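# Return a 3D structure for these sequence lines:
(chains A, B, C, D and E, ligands or ions: 2)
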Amino acid sequence: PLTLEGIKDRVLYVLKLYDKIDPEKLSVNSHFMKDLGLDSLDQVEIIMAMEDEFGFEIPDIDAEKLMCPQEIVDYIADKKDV
Amino acid sequence: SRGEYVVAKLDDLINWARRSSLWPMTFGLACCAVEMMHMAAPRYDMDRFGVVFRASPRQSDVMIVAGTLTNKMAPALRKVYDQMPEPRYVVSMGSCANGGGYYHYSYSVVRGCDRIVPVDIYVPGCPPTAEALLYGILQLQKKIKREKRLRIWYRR
Amino acid sequence: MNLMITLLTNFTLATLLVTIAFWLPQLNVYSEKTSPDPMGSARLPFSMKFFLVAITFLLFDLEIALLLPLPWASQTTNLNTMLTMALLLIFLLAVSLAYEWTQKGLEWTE
Amino acid sequence: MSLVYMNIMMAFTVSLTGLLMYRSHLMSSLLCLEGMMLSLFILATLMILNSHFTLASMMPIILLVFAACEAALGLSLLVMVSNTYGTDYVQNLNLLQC
Amino acid sequence: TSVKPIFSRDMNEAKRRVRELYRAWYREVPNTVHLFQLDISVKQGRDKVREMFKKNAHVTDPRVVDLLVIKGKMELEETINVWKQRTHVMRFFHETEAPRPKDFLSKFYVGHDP
Ligand SMILES: C=C(C)[C@H]1Cc2c(ccc3c2O[C@@H]2COc4cc(OC)c(OC)cc4[C@@H]2C3=O)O1
Ligand code: SF4
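Numbering: from 1, shown residues only, chains lettered A, B, ... in the order given. Ligands and ions are numbered 1, 2, ... in the order given. The structure is reproduced below:
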């Protein structure tokens, strides 16, 4: 929450705690639907795990457009300072 | 022998105390509760048999299922029955509590409260009269009169 | 001494009947049951008004504690002073009740 | 001197050390304060009766009345604290550190 | 074919309302396991919520999924408010119901239902 690299590593740590994802194919630009092969509800509970760890609410309209960890860390960085 | 005569007289004593101090809960459900009120009314008068209505089910001795049991209230009935200390008794009053009654084929009716609670006396009617409900209570008193608890405790 | 014997006997009879009530029907084994309320699980909210009527009881009980030696104080040789202070203490209990009245303290448990 | 006075003073100092060492609760602090008052009541009564000093027989009633009003004041302060924080825990009462 | 909508103009706003209902159920599962003191876990309850949401995953009508959202919110409010008992929550977990014969041969063995 202080530095951008810690926020990116914490995004990846929330994702690697999420046991459905294969951690081998996980990257920063990995796509949930076609690379990770995840359902939509899997992405929704990923967003709620991001709120469980990062502690700020995300509306539904700008959580549907977050299809990679890079978009998630860009949305976190846009709602914070870094 | 001596010990068997002792446990026989103690069985008669405790069964006398249990049959002559029945405390039912004031738990009505439907039309049968009106005739159960008439069995509390001055003519038939449960109170002269040692039979008083109590509001909390903790100080109650017999659960009179007087009325139709629905699906929405069957866990409430089972929880009320589970709040009773033992020995507790169940009297099923009327046709809907007995087997489902006039609403037997309904989507929302439990087809007899004996699917839920262990019924000891099945009092039949629609509603059974206050004289008939008091007959069922007297038959429950005869049933408690012939329980053999300490005889079986001695002979087990 | 006789008071202590009577207290001990009454306390002994109470504890004896409680022992009979918690161990003679607990000779039963009956059945291993589980047993799995208006408020369900939430915390009991504090009532300011029940606490205020308890404090009003405590303060009037202290005023009673001042009033209790009056049947002995009627025997005094300073009777004008005693009647003055007795009427003044009952008057102060009445003025405490009047201030509890007019400032809405006796409301919804009046 | 008299042996029972040692016990009443030691009960006063035990209730003191209970008050002078908080654990968690503020009600326990009020109970230690009123245990101090209780020991003071007993000790005053034993002195005033052993002296046959008649006029001070009204003094323990005055001690009891004034310190019960003091206890009611403290209970009201506790009630306002527990209305603010939900509990009467003393670790909630540290906003005046800064 | 021009009908009157319920809340959603098209399927995108419909999927938005479905997604917010799923967020509410996902947040509500651990509180439901605690305050009903269930013998299930949180992951198992969330898998049942996922199973009940994926049971209706094929509807492409806005009005039908709006009514599914409305009924899911009724289930939700009856779960948040303590109105259901333990039984009304455990009816989603058909535990006393024995697992039925699945293939052809076992249903042939046990009876006449296809
Ligand atoms: C307490 C005594 C002496 C009488 C009155 C009484 C009973 C037994 C049961 C009940 C009861 O009265 C209460 C209040 O009135 C009705 C009226 C009802 O219907 C008109 C009704 O239907 C289920 C239920 C009830 C209560 C009920 O369960 O015995
Ligand atoms: S058995 Fe009949 S008369 Fe009796 S409560 Fe049921 S519906 Fe009413």
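# what's the following helix or strand after the top helix by length along chain E?
Ranked by residue count under DSSP state H, the longest helix found in chain E is helix E:11-35. Helices and strands here follow DSSP states H and E; after helix E:11-35, the next one along the chain is helix E:42-54.
# List the buried residues in that next one.
Neighbour-count burial for helix E:42-54 flags E:45-46, E:48-50, E:53 (criterion: 16 or more other CB atoms under 10 Å in any protein chain shown). C-beta here means a position set from N, CA and C on the backbone, and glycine is covered the same way.
# repeat for stretch E:79-98
For stretch E:79-98, by 16+ other CB under 10 Å, it's E:79, E:84, E:89-90.
# For it, what is the distance to the chain centroid?
12 Å (CA atoms, centre = their mean, to the nearest Å).
# Ok, stretch E:90-102 next?
On CA atoms, centre = their mean, the centre of stretch E:90-102 falls 15 Å from that of its chain.
# ok, the residue nearest the centre of chain C to residue D:38 distance?
Closest to where the C-alpha atoms of chain C average out (CA atoms, centre = their mean) is residue C:57, at 8.2 Å. Here the criterion is CB to CB, to the nearest Å. By it, residue C:57 lies 20 Å from residue D:38.
# cool, residue B:102 as well?
Taking CB to CB, one finds residue B:102 at 69 Å from residue D:38.
# More neighbours: which of those two?
Set side by side, residue B:102 and residue D:38 show more neighbours around residue D:38, with 17 against 12, by other CB atoms under 10 Å in any protein chain shown.
# quick one, what contacts that one?
Residue D:38 is in contact with residue D:15, counting by CB atoms under 8 Å, 6 or more residues apart in numbering or on different chains.
# helix or strand right after the one helix or strand it maps to?
Residue D:38 belongs to helix D:27-50 when elements are defined using DSSP H and E. For helix D:27-50, the following helix or strand on the C-terminal side (DSSP H and E) is helix D:59-85.
# wait, does that next one contact chain C?
Yes. Applying CB under 8 Å from any CB of the partner chain, one finds helix D:59-85 touching chain C at D:61, D:64-65, D:68-69, D:72, D:75-76, D:79, D:82-83.
# For ChimeraX, write a command that selects the buried ones of these.
The buried subset of these, as determined by 16+ other CB under 10 Å, is captured in ChimeraX by this line:
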select /D:61,64,65,68,72,75,79,82
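# Nearest to residue D:26, out of the residues of helix D:59-85 next to chain C: which one, please.
residue D:82 (8.0 Å; CB to CB).
# That closest one: what's its closest spatial neighbour, skipping adjacent residues?
Distances taken as CB to CB, 6 or more residues apart in numbering or on different chains put residue D:88 closest to residue D:82, at 4.4 Å, once the chain neighbours are dropped.
# and the one you found, how many neighbours?
Neighbours of residue D:88 (other CB under 10 Å): 20.
# which residues sit in contact with it?
Applying CB under 8 Å, 6+ apart, the residues contacting residue D:88 are D:25-27, D:78, D:81-82.
# hmm, back to that, in the helix holding residue D:38, what counts as buried?
For helix D:27-50, by 16+ other CB under 10 Å, it's D:29-45, D:47-48.
# just stretch B:143-153 next, same as before
Here stretch B:143-153 shows B:144, B:150 as buried, counting by 16+ other CB under 10 Å.
# next one: stretch A:39-49
A:41-47.
# Also stretch B:122-138?
Buried, per 16+ other CB under 10 Å, within stretch B:122-138: B:122-123, B:127-128, B:130, B:132-137.
# returning to what we had before: quick one: the longest helix of chain E near chain C?
Yes. On the criterion CB under 8 Å from any CB, helix E:11-35 is in touch with chain C at residue E:35.
# is that helix anywhere near chain A?
Yes. With CB under 8 Å from any CB as the measure, helix E:11-35 is seen reaching chain A through E:16, E:19-20, E:22-23, E:26-27.
# which of those lies closest to chain D?
Minimum distance to chain D across the residues of helix E:11-35 next to chain A is 23.3 Å, recorded for residue E:27 (CB to the nearest CB).
# Count the neighbours of that closest one for me.
12.
# And residue E:68, by the same measure?
19.
# need the contact list for the residue of chain A found nearest ligand 1.
Residue nearest to ligand 1 within chain A: residue A:41 (46.5 Å; CB to the nearest ligand atom). Residue A:41 makes contact with E:22, E:50, E:53-54 under the criterion CB under 8 Å, 6+ apart.
# TSV for those, including distance to residue B:71?
Listed next are the contacts of residue A:41 as TSV, based on distance: CB to CB, whole Å:
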residue	distance to residue B:71
E:22	29
E:50	28
E:53	26
E:54	28
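# Tell me the one among the residues you listed nearest to residue B:9.
Looking across the contacts of residue A:41 and measuring by CB to CB, the closest to residue B:9 is residue E:50, at 65.0 Å.
# which SS state does the residue lying closest to the closest one once chain neighbours are set aside fall under?
Sequence neighbours aside, residue A:41 is the residue nearest to residue E:50 in space, at 6.2 Å (criterion: CB to CB, 6+ apart). Under DSSP: H, G, I helix; E, B strand; the rest coil, residue A:41 falls in the helix class.
# Starting from residue E:44, give me the distance back to residue A:41.
In terms of CB to CB, residue A:41 sits 16 Å off from residue E:44.
# Kindly report the same for residue C:68.
Distance from residue C:68 to residue E:44, by CB to CB: 67 Å.
# ditto for residue D:55
From residue D:55 to residue E:44 the distance is 78 Å (CB to CB).
# quick one, what contacts residue B:50?
B:20-22 are the contacts of residue B:50 under CB under 8 Å, 6+ apart.
# Now the phi/psi pair for the residue in chain D positioned nearest to chain A, please.
Using CB to the nearest CB, the single residue of chain D nearest to chain A is residue D:86, 22.7 Å away. Backbone torsions of residue D:86, given as degrees, to the nearest 10, read phi 90, psi -40.
# Close to chain C: what parts of chain B are there?
Residues of chain B lying near chain C (CB under 8 Å from any CB): B:82-83, B:86.
# and the residues you listed as TSV, adding neighbour count?
Putting those into TSV (neighbours: other CB atoms under 10 Å in any protein chain shown) gives the following:
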residue	neighbour count
B:82	14
B:83	15
B:86	11
